[PDB]
Structure formats: C-alpha cells, structure tokens
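Should a chain be cited, it is by its letter among A, B, C, D, E, F and G, assigned in written order, with residues numbered from 1 in that chain.
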Amino acid sequence: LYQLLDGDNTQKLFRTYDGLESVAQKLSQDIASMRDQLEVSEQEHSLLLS
Amino acid sequence: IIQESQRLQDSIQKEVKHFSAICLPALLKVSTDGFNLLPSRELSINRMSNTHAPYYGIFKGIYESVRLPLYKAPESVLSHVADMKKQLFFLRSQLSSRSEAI
Amino acid sequence: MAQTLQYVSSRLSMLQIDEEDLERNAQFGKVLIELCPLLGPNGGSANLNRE
Amino acid sequence: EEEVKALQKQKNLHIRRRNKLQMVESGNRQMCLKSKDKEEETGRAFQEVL
Amino acid sequence: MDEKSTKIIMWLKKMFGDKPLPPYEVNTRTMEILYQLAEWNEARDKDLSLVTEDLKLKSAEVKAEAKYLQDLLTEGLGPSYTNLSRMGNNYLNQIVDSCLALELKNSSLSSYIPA
Amino acid sequence: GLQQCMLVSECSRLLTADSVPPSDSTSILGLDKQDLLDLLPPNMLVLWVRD
Amino acid sequence: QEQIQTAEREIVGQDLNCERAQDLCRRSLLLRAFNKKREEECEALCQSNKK
C-alpha cells in the first residue's frame, strides 16, 4: 500500500503508519486539487467563449 | 517445604491478575500454509477490519483519507487506491489537453 | 481514419491523439492498433490483466 | 418532469429506508440497553467467579 | 532525446516480444505519444503487479479463516449446520451472493444497509 | 444450551495449539480441552440443541 | 441522506458493545474451568495434610 501510494522514490529506511496515512491524504488532495484546477480551466474557457 | 510453599503462595491471584491483562483474540491461531500457525490478529484481513485490533484506529484514518467505506472488503483497498491513481493520471492528461486548447 | 481514431481513443482514453496526428503518420496509426490488444482497456499489459 | 419523478421516487425510497433504519435502530437501541444490563449481569457473574 | 528514444525502443521490444516491430514514422510528436504511453503502461503494470500479489496473499488468509470458522461450527453445532433443506440452502446462497455482489466485509445488516 | 456449546467450542480453540505436541505446550491457566468439555451441557441436551 | 448516515453510525457503534459482552462470557467460562482445576489441587493437598 505504501509502495502503491509513494512509489519506489522514497528510500525511507523506515515506513511509519503516520507516513502511510499522510501519503494516502496526499493522493486524495492531489485528486481534489486537479478537479479544482480543471474547474478553474472550465471557467476560463467559458469566459473566453462568452 | 517452607520454600516451595512460599512459591505457591497467592498462586491463583497472581495467575488471574496476569490473565486479566491478556487479549483473548491474540491466542486464536490460524494456519495459512498448513505449517505456520499465525495469530488471527496478524492476518492482514483482520488487522485492517477487526474493531479489537490495536491498528484499527490507524486503518480507519487511512480509509477515511482514501474515501473507502468501512463496510467494504479489506482486500478491495489496494485495487481502490490503484483506480484512484488511474483517475489522477486521467485528470492530469485532461488538464494538459485543456490548457493546450486554451 | 475517423474509425481508427475512435478505436484507439476508446481503448487508450488517456492518449490525446488528434486526427492530424494519424493523417500525417499513417504507419504510426498501425502501431497503435497493434498495441491496443497488447494493452488492456486500463493501460496495463494484457497478460497482467489476465493474471 | 422525468427527473422530478425520479427524485420523487428516490425521496419516497429514502423516506421508507430511513423509517426502516429508525425501526432497526430503535429495536437495536432497546437490545443495546438490555445488552448493557446483560454486560452488568455478566460483569456480576464475572465478579462472582473472581 | 536519446534517453526517451531508448526507453520507447526497449518498451516496444518488451510489448511486441518476438514479433518484428512494425516500421512507423519517427518524429517528435509520435515519440512524445509513445513516451507518455510507455510511462503510463510502466506505472500501471507496477500498480497491477502489487494488487495481484496482495490478492494472492488475501486468498490464502481468507481460506485459512474459512477453515477456522468451518471447524468451530462443526465442534459447536455438529455436522447439523451443513444439512440445511433445499430452501434453507437457497436462502443461504442468496445472502452470500448478495454480500459478494456488494463486496461486503461480512453479512451484518450494519455492512449491507450502507452498501 | 446453545450459548454454552458455542462458548465451550470458542474457548476450546483459544487453548488448542492443535499442532504442537502435548509435552511442551504451556496452556493458559494450565487448562486443557478436557477441562472445558466438563462444562458442556449433558450429552442429551447437546443432541437436542443441535436437532 | 445525512439522517441515514447518522443512523448507520449508531448501528456500527452497537456491534462493538456486543463483542465486549462476549469477551466477558469467555473469560468467565475460562475462570470457572480454572476454579474447578484449583479445587481439585486443593483437595489433593488436604489429603496430604490429613496423612
């Protein structure tokens, strides 16, 4: 689950459970932030069209 | 006789006090490969779903973070996170397309 | 060409492919059609999807 | 008008399911109050064994 | 440019195996599309491999727990719990198949109702 | 009768390291599966509960 | 839908109280078996003291 979330990129000698929850929260925030950026891009495109 | 009698003094009350501190589910052993008896509490299905596991509070925070409902199968967790990563990659492509079109 | 684009976009929905990209690169369009059965509908390898 | 009909049907379904959940919850809460009396009875039987 | 080109040629060799690589028009745009496809496939194949190996582990754990529950019910209730009527066994199968369709943790109303 | 049969079978499984040879396994409270079988209802009551 | 999710949380909270009552029943059965075994050992020591 940690490998699925953070990839192989972090050579963290120790994986923690707080670290697992943090990377899970980050995936959820990255999806939310990309939806918000897409919605801003839709508004900009709608304003250009108008 | 005095020495061995002193060892056995309050024996029942010593054992009962130690027994009171034990987690009964930790005694329940299961065999996955026929040879290795593991405590049922060490099975990943139970660590992730059992309300009496010490890790239950941590896996609850992970499920809320990934928006996985608590009624779902614990084996569905990695497949759900893999589909969330697929969704993130799709939204990245979509934003790149739309920014190039603008 | 439109049918080729529609087939590739249905199986590889993550690929931004324009109709101009296939018109200028007709042999590249054949490579994408040959890749479409080797890639599952999810972008993962067809063998890994069977397993 | 189809959407209003669909939402009316969904509203009626949620009203019925909520009433059922409240019946289950009320039955369960009455079972749980009695299961607390049971936890006190078994807690007394456990003190008797001690 | 040379690193992306080597990664694409390596990936295409891995995907086509012993099939001869079809000739194609090698330009900036076709190499960019193939590079994105190769990165996406490598990432997806890693994620799929991790899921497949966890499903193998979970299959062994669920089998171990199934045996525990079967033997517990056999010791407590005797072989009587397996001797259900044709309708009792149809009702049992419908609860099981409904809970499998919904991917439930267990057969409780607390899991079925939210799902 | 049903509650007692289930409790004895559950507790019997908490004591049984079924695969460890009997000479070397310290049991909890020094209890064996036999010590719990004595707390089971009369065999007539067990058969009647099962039926 | 908020009313439904609130009542669903209350149902899941009740399942947790039933497992505690069962843990007390298992402990009380094991401690009864233990008391019986310690009465038998006490009866053996009483016979040795009479001698």
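The rule we apply is simple: contacts are C-beta pairs under 8 Å (C-beta built on N, C-alpha and C of every residue); 3 or more make two chains touch, one makes a residue touch a chain.
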Hey, what chains does chain C share as contacts with chain G?
B, E
If you average all the Cα positions, which chain's own average lands nearest?
B
Whole-Å distance, chain E centre to chain F centre, using C-alpha means?
39
Roughly how far is chain B from chain E, going centre to centre by Cα mean, in whole Å?
20
Can you give the whole-Å distance between the Cα centres of chain A and chain G?
47
Based only on mean CA positions, could you tell me how far chain D sits from chain F in angstrom?
34
Check each residue of chain A and list the ones that touch at least two other chains.
4
Can you list the residues of chain B that touch 2 or more other chains?
15-16, 19, 24, 28, 31, 70, 78, 82, 85-86, 89
Could you list which residues of chain C touch at least two other chains?
14, 16, 42-43
Chain C partner contacts - residues on chain E that touch it in the complex:
15-16, 22-25, 27, 29-30, 33, 36-37, 40-41, 44-45, 47-49, 52
Which residues of chain E touch chain A in the complex?
47, 50-51
Residues of chain B touching chain E in the complex
28, 30-33, 40, 43-46, 49, 69-76, 78-79, 82, 85-86, 89
Per the contact definition, I'd like the list of chain C residues that touch chain B in the complex.
13-14, 16, 42-43
Note: in the complex, chain E contacts chain F through residues 68, 72, 75-78, 80
